[PDB]
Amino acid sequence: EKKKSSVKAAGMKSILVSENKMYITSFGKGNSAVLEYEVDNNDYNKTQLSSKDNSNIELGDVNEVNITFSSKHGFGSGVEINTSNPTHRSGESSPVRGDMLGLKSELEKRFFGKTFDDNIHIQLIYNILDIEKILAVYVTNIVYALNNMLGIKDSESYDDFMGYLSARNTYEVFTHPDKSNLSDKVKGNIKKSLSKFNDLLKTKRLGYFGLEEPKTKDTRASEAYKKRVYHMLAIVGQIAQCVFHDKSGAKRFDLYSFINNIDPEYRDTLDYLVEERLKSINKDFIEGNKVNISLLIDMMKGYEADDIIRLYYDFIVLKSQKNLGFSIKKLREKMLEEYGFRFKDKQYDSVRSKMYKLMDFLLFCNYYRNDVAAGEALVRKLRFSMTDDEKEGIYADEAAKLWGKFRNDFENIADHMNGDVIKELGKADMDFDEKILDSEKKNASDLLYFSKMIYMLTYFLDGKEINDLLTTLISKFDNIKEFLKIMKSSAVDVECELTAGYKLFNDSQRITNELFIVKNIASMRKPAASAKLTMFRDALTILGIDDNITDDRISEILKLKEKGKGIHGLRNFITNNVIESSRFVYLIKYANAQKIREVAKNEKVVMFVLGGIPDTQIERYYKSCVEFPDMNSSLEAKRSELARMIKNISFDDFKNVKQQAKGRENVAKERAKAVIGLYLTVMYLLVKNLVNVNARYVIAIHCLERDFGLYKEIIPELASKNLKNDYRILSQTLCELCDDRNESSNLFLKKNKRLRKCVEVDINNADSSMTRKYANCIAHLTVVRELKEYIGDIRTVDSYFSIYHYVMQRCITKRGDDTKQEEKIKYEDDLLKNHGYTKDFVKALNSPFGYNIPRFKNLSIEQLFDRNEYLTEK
C-alpha cells in the first residue's frame, strides 16, 4: 500500500532556506502557511514565530543532519518525526539547494531583476512556469480545433489562419488592412487570415462552442458578432505567441499585461461574454431556484429565510462547499451507499441532480455555518491519514455520524422528489425580494481582465478541459500568493519585487478567488445551439451515411425547411442525442465525422476501449443496447457483441425511431438512445485519450523552447545556435559539457553518467530532420488528424501510448509524394513490417528532451508514462 510522507501528515508544510536561516511552516486552512520557527543554520538556535494557539508542530532537536519534530494535535499519538536538515548535502557548498536544470539564477533575474540566496523565489517561479505549461497545452488544442473546424482535410499550411492574427490589430485594421499604414507583407498576411476567418464563419461550426451567429441578417448585428469572434481568436493567437517561439526563436513577453494594454474594444468583448453568463444566472435568481429554496426554508428550522437564500446563492455560484478541505459529495455518496441505498433506486433518476443538491446543501451548511469545528476536525483526520484505505474509513465514520443527524431530513427530501411536488413548487408564489442578494451577487465589473480572458477561453473547451485548466491555474495562483505572503512577512522579510512583465502576480489572491468562480460559471450548461445544416450533416455522417449525400437530401430527410406540427421527430431525436452531446462535440472539434465512423469499424481498437470499461458498466451497456441479451454469456462475449454493434451502426438504423414515443414505441426509442450513447462514448474515449497523450509532448516542446532560451543566456556554446535548425542541440551541447568539463549547470546529466550516455546514443540515432517533423506533428495534433490512416495497421492495440507512437512513427516516415526521395529513416523498414511502434525510435525522437531526464524517461518508456497505470506493479 502506498504511504504518504509522515512529515506532511504530521503537519510540516515546508522548510524555506535562506543563506543564514531556515523557516519552518505548518499547514493552515487550505493552502495557508503558518510560520512556526526560524532556525539559525550556523548555531541551530530556534525562535518560535507561531502563537501558542496557532502552533501545529513542536520542534525538537535541530542539528547539521536532522530535524526532529512532533505534532501538537495527536498525529501518531505525538510520535517524534525525523526529517533531513535541507542544508545538508554532500558536494554542495551552499546551504541553499539549486534547481536540477541550473537555471535558478537566470530565472530569478528574469522575474525579480536579481539573484537571491534563498530557495523561496525559485519555488514561486516554478509555479509561474506551470501556468505557462498548461496554457501551452490548451492554446495548442484550441488552435488545432479552429483549423480542424474549417474542413480543409488536404492542407500543407497550418498557421496561415491563427498565426497571422494579432491582438495589436483592431477589428477595423483586420477588415481593412489596405487602409492601414502597415507593411505590404503584413497587409497580405492579414488578408490571408481574413479569408480564413470568413471560411470559418461560413462553416457554421462556431455554434458548437456556443458562438451562434445572430438570427437576423441585419448588418449591424452581424458585424458585432464577427468582431467578438475576431477578438476571441486574436487573443488565443496572442497567448500562443507568448508560450511558443516564432521561426526566429522569439516569443512575446506580454502574456500577463497585454489584455490591459491592447485596444479597449477587446476588453468590451470580454465583458460582453461574462456579463451574458452572469446576467442569466443573476437575473431573478430566487424565482429561478424557487423549488429548492422553498423546500430548504421549510426544512431548515434553525435558519432565517434570507440567510438560506444567501447561502444557496453561494452554493450555486461561489461553490464554498468546494473550499471546505474535504469532499461534501464523497460524504453524501458514503451516506447513500451504507444507509440511503433506497434513494439510489431507478425511480429517482429523473430528479437525482435536484435531490443531490438539496442533500449536499444541508451538509454544506452543517460544516460552513452550524459546526465549523467538526469540519476542522475532519480536515485534521484526513491530513493525518497515511493511506487511501484510512482516508476512506474517515469518510465512512463521518457519514455514519451524519446519517444519525440528517436521516429524517434526507427522507423528507426524497418524499418531495417527484414531478407533482416539483410542478406544484414551480407554480407557487415566491414572495422574496430579489434585492436580498444584491450584496452577494457576482458581476463582470468585479473581475480582473485576466480572469475574464480565462473565462473567454472556456468557450473552446469541454467540461473536463475546463476542470483541468482551471484547477491547475487556481492551484498555481494560490501557491504564488502564499510565497509572496511568506517573503513579505516580518520574520522572513526578503525583497520580492516582480519585474514589469509579472506585476499581475501581485494580485495572485484575487485571481485565485476569481478563477474559482470562473470554473463554476464556465462549467454551467450554455443554451442549446440552433442546429444548422452543417451540424445535421456532421451527426448523420458520424452515425454512417452515403458518402455522396447532398445538403438538399439531408434537408429532405429531416424536413429542415418544412413547417408543420409533429413532423420534426427525427430532427429532434438527432439534435437531442447527437448534436447536443458534449462527446459528439468533442469528436467534431478534434476529429472528422466520416473518419471517426471508419475508425469505428476496427473491432480491435473498439475492443481495446471496451476493455478499459469496468465489467459492471459493460453489463449495463449490454442490457440497454442489445435487443435480446444473452445475460449468461461471458464479459468478453458481451464486449465482442457491443463492438459488432458499433462496427455495424448507421443513420438508417434510427430513421423510424419515434421521438414522441407511445407505449411499446418507448422500448425501441430507449435502445436507440443507449446505442448512440455508447457509440459516441467509445469513440470519444479514444480521441480524448490520444489528445491527452499528445498534450504531454506539447509540454515537452514548450519546455525545450523555453529552456533553450534560458540556457542560451548562460552557455557560450549556444551563442550562435537557432533551435529549429536542430532540436537536439540543447541535449547534445549539455551532454558534451558534462563529458568535457568539471562544472555543469544541468544536474540531471552531470549526476547520472549512465543516463547521460544513454541520451547521447539516442541523439545519434536521431537527426535534425526527423526531430523537426516530430515537433510539427506534436504542435498540429497530426496523430489525431491521421488516426484513420494508420490505426488500422496496428497488429495489437494494447495502450494509448502504443497507438500514439505507432501513428506518429508512420506520419514521420511517410515519404512525401510531392517531394523527391529523402533520407529514408533507418527505423522505417521494421516499423512497416512490425505493425507496432519501435521503442528505440521513440527514444531517438525524444532525444531533444533528454536534458530533463524525468521528462525524457516518462515520455520514452511506456511503463513510466501514465501515473494512473501499473498501480499494482508500481
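The numbering used is simple: start at 1 and walk along the sequence shown.
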Average Cα temperature factor in the PDB entry - higher stretch of 227-235, 305-313: 305-313
According to the deposited model, is the average Cα temperature factor higher in 827-835 or in 813-821? 813-821
Specify which of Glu482, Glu132, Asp218, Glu580 carries the largest Cα B factor in the deposited PDB entry. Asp218
Highest Cα B-factor in the PDB entry belongs to which of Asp507, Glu598, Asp298, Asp468? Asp298
Third assignment of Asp397 from its chain's C-alpha B-factors: highest
Can you work out whether the C-alpha temperature factor of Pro848 puts it in the lowest, middle or highest third of the chain? lowest
Assert third(CA B-factor, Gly151) within chain per record equals highest
Can you tell me whether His245 has a C-alpha B-factor in the lowest, middle or highest third compared with the other modelled residues of the same chain? middle
If you rank the chain by CA B-factor, which third does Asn42 end up in: lowest, middle or highest? highest
